[PDB]
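This document starts with one chain, in the form deposited in one PDB entry, laid out as structure tokens.
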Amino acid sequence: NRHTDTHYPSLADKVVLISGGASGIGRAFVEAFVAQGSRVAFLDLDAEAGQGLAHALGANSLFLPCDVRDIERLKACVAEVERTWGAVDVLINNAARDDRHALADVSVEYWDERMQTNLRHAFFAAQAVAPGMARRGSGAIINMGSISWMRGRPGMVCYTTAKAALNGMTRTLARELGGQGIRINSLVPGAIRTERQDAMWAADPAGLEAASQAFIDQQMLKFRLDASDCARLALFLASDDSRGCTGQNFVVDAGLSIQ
């Protein structure tokens, strides 16, 4: 799975590090950059899925097991990529947990855990890759955002608050690191069809279909987005074709955020 027929020569050999890379959207990033000839390291909690995917993709892929709550382990993972391949060229902060939770019912421990799996690792990963980027004079960071806080969507307050945090963090880190040659942008998907979003309804295909159609009806473009649409955008945001873009959101949502 190439995800596109477009060919970016500027991606060849680049070292790309993707958190949450073994399944879903992060898997599509891993696949797309490997297809462009990048050297792609990815982290995931699921060791069996990660190992499977790196074995399938071969030697220009590198899977490291990592719980992104564990910042020591995250830094260990970054140092290991650096020792294997040199400074990271492209970091994609993608790891997230989007489970539904009622506002009235969130405990302090729940809040902490969700901020940690959704927001904290993205700061520490940027902090880890930065010195290597600055030594070279170039690098790019892509924070996965979400239109859900833009549209004020209820029922997952920690996830949407974390994603809004990353919106801010892109803008300030863009200024703080830009003088070192690092560009930082957010890739902000709409409602992406995934095997996991679909697994949730395995005995209500009426319900799945109805919910899918509702997104199509609300969207401006009348087809379902998928992980390839996200990977198309990530390739552009990593390539030299976006060398002067920083501090910005790039939204791939078929119009769902403008209703």
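One-based numbering along the sequence shown.
Just so it is clear, the following notes concern the form solved in complex with a small molecule, a form of the same protein that is not shown.
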property: Interface membership of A211, the small molecule in the entry with it bound, 4.5 Å heavy atom rule; result: no
property: Contact label in the entry with it bound: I216 to the small molecule, heavy atom within 4.5 Å; result: no
property: is_contact(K163, the small molecule) in the entry with it bound, heavy atom dist at most 4.5 Å; result: yes
property: Non-hydrogen atom contact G139 with the small molecule in the entry with it bound at 4.5 angstroms; result: no
property: Proximity to the small molecule in the entry with it bound, single hit among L235, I25, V15, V251 (heavy atom within 4.5 Å); result: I25
property: Position in contact with the small molecule when the complex is considered in the entry with it bound, options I182, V81, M144, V90, heavy atoms within 4.5 Å; result: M144
property: The small molecule in the entry with it bound: contacting segment from 167-175, 91-99, 122-130, 104-112, heavy atom within 4.5 Å; result: 91-99
